[PDB]
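Structure first, commentary second.
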2 protein chains.
Amino acid sequence: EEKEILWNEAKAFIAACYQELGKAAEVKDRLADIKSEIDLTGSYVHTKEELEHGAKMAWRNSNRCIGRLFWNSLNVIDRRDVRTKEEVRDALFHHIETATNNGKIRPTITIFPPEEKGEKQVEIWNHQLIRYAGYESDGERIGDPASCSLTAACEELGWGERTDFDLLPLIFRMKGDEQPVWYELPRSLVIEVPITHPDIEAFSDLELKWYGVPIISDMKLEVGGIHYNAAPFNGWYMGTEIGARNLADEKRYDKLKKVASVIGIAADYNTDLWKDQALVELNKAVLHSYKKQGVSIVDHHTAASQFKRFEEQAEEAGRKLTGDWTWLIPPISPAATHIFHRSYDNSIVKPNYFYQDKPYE
Amino acid sequence: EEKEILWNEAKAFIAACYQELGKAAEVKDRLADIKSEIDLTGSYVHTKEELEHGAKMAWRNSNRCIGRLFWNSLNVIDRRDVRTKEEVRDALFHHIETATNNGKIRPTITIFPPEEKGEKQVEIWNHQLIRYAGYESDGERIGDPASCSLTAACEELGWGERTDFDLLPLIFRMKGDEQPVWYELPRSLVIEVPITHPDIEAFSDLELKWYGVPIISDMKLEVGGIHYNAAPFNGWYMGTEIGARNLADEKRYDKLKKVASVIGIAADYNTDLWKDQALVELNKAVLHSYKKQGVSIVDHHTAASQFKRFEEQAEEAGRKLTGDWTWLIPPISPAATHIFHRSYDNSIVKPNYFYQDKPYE
Ligand code: HEM
Ligand code: HEM
Ligand SMILES: Nc1ccc2ccc(COc3cccc(CNCCc4ccccn4)c3)cc2n1
Ligand SMILES: Nc1ccc2ccc(COc3cccc(CNCCc4ccccn4)c3)cc2n1
Ligand SMILES: [Cl-]
Ligand SMILES: [Cl-]
């Protein structure tokens, strides 16, 4: 019953993958071997080639991702050999270092052992490997509200300085342990960017910063029926993620009214469009700051131009394009991108990245 | 067969409408009379009360409309008595005048005789009663590209000065005529707003203007199975419709690069976010200009605040809310509105406004 869905997903996956790799004649012998292994063992093991291409396919199929032009240059690190907390921690440290690449960010995924039969071998608690803590004590709000529950979980395990930019530790659980372990990130590994504005010297009075590399670490990678629940991956930021959402949302750092004040405009009348102007200057400052520091970043116009090339590459390859319009349009000037003016089929195609339940409340 | 769908839509409509009007006990006798009329005549005639409430319900159900808070104050003008071109033309003139209301815009719909049995009694060719012509001759682009086909149709019928802001004439066809007639709009009836900026005196060098009142005139109003294909209606503008779309879209007036130049910023690098900054200043100028001239207009923040009140009024009345997220979010700073951060059921509920085929190519 379980075995059965696995074998089907493996047929679809191996056929499609070997076809794209030009290995179509190797398909029957490989599915023979796979059908054996599933009967014998209940599961099967991807080749390095299948695992690498499967992770790239999963990015290519990620309907909500505007950055998919570059799906085929994904740097796949195969860490299915890890067995200990120390090895997990070091592989996550290595990912940060090699993905950061001194600021010239490399899109990277590190793939840990897949779930055996429902049972996770490694369970990562971080939403991103690098993220700020958040606190909420008697109406005192500090740091990143989106991190409050994970921050509270971490402080149950004996771990913050209660700045607005505390780095959460790595926190993950190994199969067999009842509690996750945590490890403080070495600060030598974490690039952060202070936010300054190209024109407005006072912008630095806000003392904003953000980290260089978004490394999403709580999504499941599914390839041919194998469930890689621990497979953190990163791209580089699109500047609106930082300037229009992380620093701007009322339920995040909520900085627009402070932005308005340091750029010298009143924040009193809706019709002054002060939120919109503050958003533009904050997003300009973010792109400027990342560029000045030599940390990779893309603006939403260039990103959508790249995504149009991805759409054209799909059609030219004879692949259906799928996409989630509500996530593809940027939160800043969306009608200034081609995305806004077309529609997308939101069908789910596998391999893909998927949400999974949090282990903390 | 035809009669049959009509009777069903009438049952659903009359029950729901009389219930909201507190006339639930009058329902059986009215559907009796309706069942008679449909058998006798093939159709039935709304009371002024049903027609007024049905048009209000249709606005309330308009999934894409952020302005629905005010659905119950819609000013319904019953023009089912018109029979001649002159009466149609005068009713459309009257609509412009009374909806404009010297700039204090009144949401108004004028309802013409419904389609008999598929056959339109009046067929309005305008997309809006007030709109600018568009021209496209040997790569010379003038006026509003969205009006090119209707403008070309109008010039087949003997009607432009080829400014960028020529008013199209009213153009409509009466049952029985093979060709529509057209009538030049009296300029005394058309308020236009020159676009100036509150801070940047050079903005007036762009010589932009827009008209005061958007009067959508090509949608079908359906109420209880009766198809009012000619029922032009208006609200007031939300400023982004003008500043983020009509004047900004590359396939409309395409003014952002000229905006950038008069506000003194370079239009060279995506990462300067010059399109976003130009959009904000253009949208500020639009709101400022309408306000200075005393013409009603709403900014997208106030509008979304109003729409949140509509959502709360729906829940408090025990009505399901429907909505189209992709049209409800504004094209400027959408994540700064509550709409962006929630989802909406896009189910179609009647009475409603619907697209219908254009009569011109
Ligand atoms: C190379 C640079 C990249 C850029 C600029 C980029 C851009 C983005 C953006 C802006 C989002 C929307 C998130 C939001 O609205 O907050 C997104 C979603 C996503 N991206 Fe990419 N991305 C990139 C690389 C990657 C990589 C390397 C992968 C995986 C291998 C990936 C997989 C996804 C997935 C799964 C989502 C959806 C997540 C969800 O549903 O919550 N992206 N991307
Ligand atoms: C009172 C002021 C009003 C405001 C500010 C407002 C705002 C808007 C906006 C911004 C749109 C989206 C159009 C676009 O994205 O270009 C829209 C769509 C719509 N509005 Fe409203 N509206 C108002 C009044 C009305 C009235 C009076 C009716 C009818 C009685 C109406 C029916 C609709 C319909 C049917 C649509 C969708 C049209 C389509 O699908 O193309 N609205 N509204
Ligand atoms: N550069 C990059 C590169 C890769 C990325 C991979 C994943 C993500 C995930 O990102 C989010 C996850 C959860 C919530 C949010 C908040 N945004 C929501 C967007 C939205 C659109 C429409 C309606 C509601 N919400 C983001 C980011 C990546 N970023
Ligand atoms: N103040 C008001 C008041 C009432 C209005 C009634 C109707 C309309 C119709 O408006 C449009 C009709 C056709 C095209 C467009 C262009 N915008 C498209 C919006 C969009 C969203 C997402 C994806 C693609 N397109 C508008 C306007 C009214 N306006
Ligand atoms: Cl983020
Ligand atoms: Cl318009």
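Derivation of every value follows stated rules applied to the coordinates shown; laboratory data play no part. When we count neighbours, we look across all protein chains shown, and the Cβ atoms used for this are built from the backbone with ideal geometry, even at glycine.
Counting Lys +1, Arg +1, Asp -1, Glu -1, what net charge surrounds A:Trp210 among other residues with beta carbon under 10 Å of its beta carbon? So the environment of A:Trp210 carries a net charge of -1.
Classify chain B as rounded, prolate or oblate, taking a ≥ b ≥ c as the square roots of the eigenvalues of its Cα gyration tensor: rounded when a/c is under 1.5, otherwise prolate if a/b is larger than b/c and oblate if not. It is oblate, given that a/c is not under 1.5 and a/b is not larger than b/c. The ranking of B:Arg162, B:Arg131 by Cβ neighbour count inside 10 Å, starting from the fewest, reads B:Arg162, B:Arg131. Near the amide H of B:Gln121, within less than 5 Å, lie the amide hydrogens of B:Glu115, B:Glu116, all on another chain or at least 5 residues away, with H placed in the peptide plane.
Counting other Cβ atoms within 10 Å as a rough exposure proxy, the listed residues B:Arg83, A:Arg245, A:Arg68, A:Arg187 run A:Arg187, B:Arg83, A:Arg245, A:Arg68 from fewest neighbours to most.
Charge tally around A:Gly323: other residues with Cβ under 15 Å, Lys/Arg +1 each, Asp/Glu -1 each, net +3. Computed from label points 7 Å out along Cα-Cβ, the spacing between B:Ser149 and B:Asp345 is 3.5 nm.
Using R0 = 41 Å, the C-beta based FRET efficiency linking A:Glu207 and B:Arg245 works out to 0.65. Secondary structure note: in segment A:70-173, about 65% of the DSSP beta bridges are antiparallel.
Plainly put, the tip 7 Å out from Cα toward Cβ on A:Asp164 is 4.2 nm from that tip on each other copy, the closest given first. Most simply put, chain A has about 85% antiparallel DSSP beta bridges, counting only bridges with both residues inside it. When +1 charges are put on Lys and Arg Cβ atoms and -1 charges on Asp and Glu Cβ atoms, the dipole computed for chain A relative to its Cα centre reaches about 1040 debye. Return, ordered by residue number, the residues of segment A:151-175 whose backbone nitrogen is under 11 Å from a label point located 7 Å along Cα→Cβ of A:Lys117. It comes to no residues whatsoever.
B:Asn126 sits among other residues whose Cβ lies under 14 Å from its own Cβ, and their net charge, with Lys and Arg +1 and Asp and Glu -1, is -1.
Cβ crowding within 10 Å, taken as a proxy for footprinting-reagent exposure, orders A:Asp138, B:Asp324, B:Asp177 from fewest neighbours to most as A:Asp138, B:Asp177, B:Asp324. Label separation (A:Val190 vs B:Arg83): 8.2 nm, computed from points 7 Å beyond Cα along the C-beta direction. Suppose the chain between B:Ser73 and B:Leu157 were pulled fully straight at 0.36 nm per residue; how much longer would it get relative to their current alpha carbon spacing? Using 0.36 nm per residue and subtracting the Cα-Cα distance, I get 26.4 nm.
As a test, work out the antiparallel percent of DSSP beta bridges whose residues both lie in the protein assembly as shown, rounded to the nearest 5. Bridges in the protein assembly as shown are about 85 percent antiparallel. Counting Cβ atoms of other protein chains within 10 Å of each residue's Cβ and taking the mean over peptide B:277-284 gives 5. In chain B, helical runs assigned H by DSSP with n ≥ 4 each contribute -39500 (n - 2.57); averaged across all residues and rounded to the nearest 500, the mean residue ellipticity at 222 nm is -10500 deg cm²/dmol.
Each other copy places its own label point for B:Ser149 at 5.0 nm from this one, sorted shortest first, where the point lies 7 Å along the Cα-to-beta carbon line. To the nearest 0.05, what FRET efficiency results for A:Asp199 and A:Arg309 with a Förster distance of 45 Å applied to their C-beta separation? Once the sixth-power term is evaluated, E becomes 0.90. Of the residues A:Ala16, A:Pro331, A:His288, the one whose Cα sits farthest towards the positive end of the charge dipole of chain A is A:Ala16 (charges of +1 on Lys and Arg Cβ, -1 on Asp and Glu Cβ, taken about the Cα centre).
A simple spin-label model places pseudo-atoms 7 Å from Cα toward Cβ; at A:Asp164 and B:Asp357 they are separated by 6.0 nm. For A:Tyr360, the point set 7 Å out from Cα toward Cβ sits 6.3 nm from its twins in the other copies, listed from shortest up. Under a 5 Å amide H cut-off, with hydrogens placed 1.01 Å from N, A:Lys209 pairs with A:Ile195 among residues at least 5 apart or on other chains.
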